[PDB]
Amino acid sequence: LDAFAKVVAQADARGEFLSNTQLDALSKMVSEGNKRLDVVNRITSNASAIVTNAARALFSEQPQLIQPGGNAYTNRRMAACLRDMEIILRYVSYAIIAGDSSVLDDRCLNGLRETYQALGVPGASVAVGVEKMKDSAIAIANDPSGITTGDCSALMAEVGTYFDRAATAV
């Protein structure tokens, strides 16, 4: 689902047409569309540096992850770890264009806590990684430079929720 499809799916379960008030709310989502595309474009256009700088900060904070015996030690494990950061940011970015977290829940987060528990991947350290990507992604999305000035506070709050949802899930 995207945010429009969610409203529809709730209405179909009640057997109802959408009210004018609900059509107004959908109109409003369209008015926020250019801002939302900027958000997706900005995060996506910086995805490599977002992942890499967050991972670097994580390993800097938690040197035991990369020390021999650590879960991110060896190049195969480090590569898995970088790919997880990329995958999570990738699904978060889908949630932002959708205005709905179902794609992130259904295709990424569902069962992931269990996955990590079974592999011995430290879910809590993943959460730290995701929160640093959150902070960088928002600072980038909400950069007042090189864009028409306006207020994106509602969106930045919404972006926040997806990253927090992921960090909670892991």
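Heads up: residue numbers just count along the shown sequence, starting at 1.
- Looking at mean Cα B-factors across 135 to 143 and 109 to 117, the upper value is held by 109 to 117.
- For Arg56, the recorded CA temperature factor ranks within the middle third of the chain's modelled residues.
- In this PDB entry, the Cα temperature factor of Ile66 sits in the middle third of its chain's modelled residues.
- Per-chain ranking of the deposited C-alpha B factor places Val128 in the lowest third.
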